[PDB]
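Below is one structure, written out as structure tokens; the observations come after it.
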Amino acid sequence: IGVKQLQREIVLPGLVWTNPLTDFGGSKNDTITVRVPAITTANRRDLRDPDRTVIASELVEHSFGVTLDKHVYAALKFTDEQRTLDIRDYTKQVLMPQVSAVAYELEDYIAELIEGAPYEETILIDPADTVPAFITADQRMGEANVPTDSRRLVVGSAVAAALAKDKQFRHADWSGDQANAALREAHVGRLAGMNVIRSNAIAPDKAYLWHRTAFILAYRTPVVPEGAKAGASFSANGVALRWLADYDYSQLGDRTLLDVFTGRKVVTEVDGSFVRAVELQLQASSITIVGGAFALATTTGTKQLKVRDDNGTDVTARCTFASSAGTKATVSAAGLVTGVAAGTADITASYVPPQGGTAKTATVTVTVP
Amino acid sequence: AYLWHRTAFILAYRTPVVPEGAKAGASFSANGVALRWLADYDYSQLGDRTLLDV
Amino acid sequence: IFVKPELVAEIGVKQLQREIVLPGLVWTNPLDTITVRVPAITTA
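Same order as they appear, the protein sequences are chains A, B and C.
Under PDB author numbering, the first residue of the first sequence is numbered 14, with each subsequent residue one higher.
Under PDB author numbering, the first residue of the second sequence is numbered 220, with each subsequent residue one higher.
Using PDB author numbering, the letters of the third sequence correspond one by one to residues 4 to 34, 43 to 55.
Spelled out as structure tokens, the structure:
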């Protein structure tokens, strides 16, 4: 007994600024202005110059603002009962799935914050040699005079897989370690100073290296309403959640709300330049449609085609599909090929390479029954 | 101006009872007459209602 | 130019309001409807 569905792990919320400052509603428009200390400019003058005039400097302190903008909430209605027919095992059903969903929603919020931050350029990591890519990332961090300490890197499944595939660490003599952590185990040790942290929430082919002073996350636990007969203050992996179920009456409503206030901020410069973080994207060079040749399902069926790169990442969302026999076989935008006429056709999937240039194309035949 | 005897000019107060979905708190009893505090959260809307009535 | 915060204070500035004097000078009765009996006066 027990076939519990596979579920994600909460790793990202523990690697970001959780409530750097407490009070937010005490200021206008629920936002707080943070001042950044300024710097002074200098000047040079030749000795024995006929002109004794001097040029004054300027000291202007640019400041930014952190604002609460989002309200993560989870709504659920009990099955026309309050005590036994819906929550027959208390604190083990309904509550646990709702808490897990809210935690995953906050994790996705943090992931959206990290991915949507303007990274300007993009470090293209090659599977042949990941260490040079990480060294380039270190160089990018060094150029902006970022402090060496408190630099954390979060990698995806594909990044860790490519690190394992790299011959630098696998051979155990190029990596120096005699225990062969890359082969005897699946955990890659810290490289280029930063440690390796695995996170499946982010895109598998995307890795993000950022200093501690890169992102701002604000979390506010709502106060327990005074007009609710129920109420709870259950926490969730470091952030508390507000639970209310006040028996909304109306259509015999047993609605339950698990909510918490969340707010995002990206740290920029005085002129505006996100040079405090870097992103690494795998240099995909070959793609192929999984499953090889296939018939379909029947003469009037559908099949969701899937395409994977050489590295082993799902790229179905970011691939285009074309049919050279559209009358024989009909393909959708997402790759859902539908069989309209029995026969033999071909479908070509094209993927734009992250490194740029011509799009990699792969053609697979289909035999619609 | 008004000059009246204590017998005249009477007033009546009830101090009603709270409904089922009350979630009431403490009492106030302003200027002698008692008052009831009602606090009802409206899940359908975005607000909470507080009522002091008699 | 130095950016500075804002200040909102409150020192003895109370909005003018009325005074509760009239309540307590009237015959208040607790509690559908209330009926008060009027005693009768006879004649001789």
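We treat Cβ as the ideally placed atom computed from N, Cα and C, and that holds for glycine.
When you compare the CB of residue i with every CB in chain C, is at least one pair closer than 8 Å?
{"i": "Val67(A)", "result": "no"}
{"i": "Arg225(B)", "result": "yes"}
{"i": "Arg233(B)", "result": "yes"}
{"i": "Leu222(B)", "result": "no"}
{"i": "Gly251(B)", "result": "yes"}
{"i": "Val73(A)", "result": "yes"}
{"i": "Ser76(A)", "result": "yes"}
{"i": "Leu254(B)", "result": "no"}
Roughly how many whole angstroms lie between the Cα atoms of residue i and residue j?
{"i": "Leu257(B)", "j": "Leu34(C)", "result": "20 Å"}
{"i": "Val303(A)", "j": "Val209(A)", "result": "30 Å"}
{"i": "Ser76(A)", "j": "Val47(A)", "result": "6 Å"}
{"i": "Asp267(B)", "j": "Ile229(A)", "result": "31 Å"}
{"i": "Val6(C)", "j": "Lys319(A)", "result": "55 Å"}
{"i": "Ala130(A)", "j": "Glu120(A)", "result": "16 Å"}
{"i": "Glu74(A)", "j": "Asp284(A)", "result": "12 Å"}
{"i": "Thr326(A)", "j": "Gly240(A)", "result": "50 Å"}
{"i": "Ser345(A)", "j": "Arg289(A)", "result": "41 Å"}
{"i": "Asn56(A)", "j": "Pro63(A)", "result": "17 Å"}
{"i": "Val273(A)", "j": "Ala114(A)", "result": "13 Å"}
{"i": "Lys83(A)", "j": "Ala116(A)", "result": "15 Å"}
{"i": "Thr313(A)", "j": "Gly169(A)", "result": "39 Å"}
{"i": "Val112(A)", "j": "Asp218(A)", "result": "28 Å"}
{"i": "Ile100(A)", "j": "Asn42(A)", "result": "40 Å"}
Is there at least one Cβ from chain A nearer than 8 Å to residue i's Cβ?
{"i": "residue 2(C)", "result": "Since the first and last residues shown for chain C are 4 and 55, residue 2(C) lies out of range."}
{"i": "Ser263(B)", "result": "yes"}
{"i": "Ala245(B)", "result": "no"}
{"i": "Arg268(B)", "result": "yes"}
If you drop the 5 nearest sequence neighbours on each side, which residues of the same chain put their C-beta closer than 6 Å to that of residue i?
{"i": "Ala194(A)", "result": "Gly202"}
{"i": "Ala243(A)", "result": "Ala258"}
{"i": "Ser212(A)", "result": "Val24, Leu25, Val167"}
{"i": "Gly78(A)", "result": "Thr44, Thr46"}
Taking the continuous alpha helix (DSSP H) assigned at residue i, which residues delimit it?
{"i": "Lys180(A)", "result": "180-183"}
{"i": "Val167(A)", "result": "Where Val167(A) is concerned, there is no enclosing alpha helix (DSSP H), although the beta strand (DSSP E) it sits in stretches over 164-168."}
{"i": "residue 398(A)", "result": "No information on residue 398(A) is available, as it lies outside the stretch 14 to 382 that chain A covers here."}
{"i": "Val144(A)", "result": "143-156"}
{"i": "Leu196(A)", "result": "194-197"}
Since residue i is in the beta strand (DSSP E), which residue starts that stretch and which ends it?
{"i": "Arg268(A)", "result": "268-279"}
{"i": "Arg48(A)", "result": "44-48"}
{"i": "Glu292(A)", "result": "290-295"}
{"i": "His224(A)", "result": "219-224"}
{"i": "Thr361(A)", "result": "356-364"}
{"i": "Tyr232(B)", "result": "229-232"}
{"i": "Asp322(A)", "result": "320-322"}
{"i": "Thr54(A)", "result": "Neither: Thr54(A) is in no beta strand (DSSP E) and is coded neither H nor E."}
{"i": "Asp261(B)", "result": "Segment: none, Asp261(B) is in no beta strand (DSSP E) and carries neither H nor E."}
{"i": "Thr315(A)", "result": "315-317"}
{"i": "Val67(A)", "result": "Run containing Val67(A): none; DSSP gives neither H nor E here."}
{"i": "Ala375(A)", "result": "373-381"}
{"i": "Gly352(A)", "result": "349-352"}
{"i": "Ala346(A)", "result": "Careful: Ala346(A) lies outside any beta strand (DSSP E) and carries neither H nor E."}
Once the 5 residues before and after residue i are set aside, which same chain residues still bring their CB inside 7 Å of it?
{"i": "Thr143(A)", "result": "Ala175, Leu176, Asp179"}
{"i": "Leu72(A)", "result": "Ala51, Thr53"}
{"i": "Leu265(A)", "result": "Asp93"}
{"i": "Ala146(A)", "result": "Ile136, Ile138, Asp139, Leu293"}
{"i": "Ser248(B)", "result": "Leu254"}
{"i": "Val159(A)", "result": "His224, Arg289"}
{"i": "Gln317(A)", "result": "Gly348, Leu349"}
{"i": "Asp261(A)", "result": "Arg268"}
{"i": "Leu98(A)", "result": "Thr92"}
{"i": "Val365(A)", "result": "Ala372"}
Please tell me whether residue i has its Cβ less than 8 Å away from any Cβ of chain B.
{"i": "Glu239(A)", "result": "yes"}
{"i": "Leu271(A)", "result": "no"}
{"i": "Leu34(C)", "result": "yes"}
{"i": "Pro50(C)", "result": "no"}
{"i": "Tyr260(A)", "result": "yes"}
{"i": "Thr46(C)", "result": "no"}
{"i": "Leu257(A)", "result": "yes"}
{"i": "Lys242(A)", "result": "yes"}
{"i": "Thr31(C)", "result": "yes"}
{"i": "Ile4(C)", "result": "no"}
Grab me the residues of residue i's own chain with a C-beta within less than 8 Å of its C-beta, minus the 5 sequence neighbours each way, in chain order.
{"i": "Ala88(A)", "result": "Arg268, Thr269, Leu270"}
{"i": "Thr31(A)", "result": "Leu230, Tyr232, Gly251, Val252"}
{"i": "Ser246(A)", "result": "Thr234, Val237, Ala253, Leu254, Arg255, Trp256"}
{"i": "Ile148(A)", "result": "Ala205"}
What residues from chain D crowd round residue i, counting only those whose CB sits closer than 8 Å?
{"i": "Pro26(C)", "result": "The chain inventory of the structure shown lacks chain D, comprising the protein chains A, B and C."}
query: Taking only runs of the beta strand (DSSP E) that begin and end inside the stretch 74-99 of chain A, which ones reach a length of at least 3 residues, in chain order?
result: Complete beta strand (DSSP E) runs here, min 3: 76-80, 83-90.
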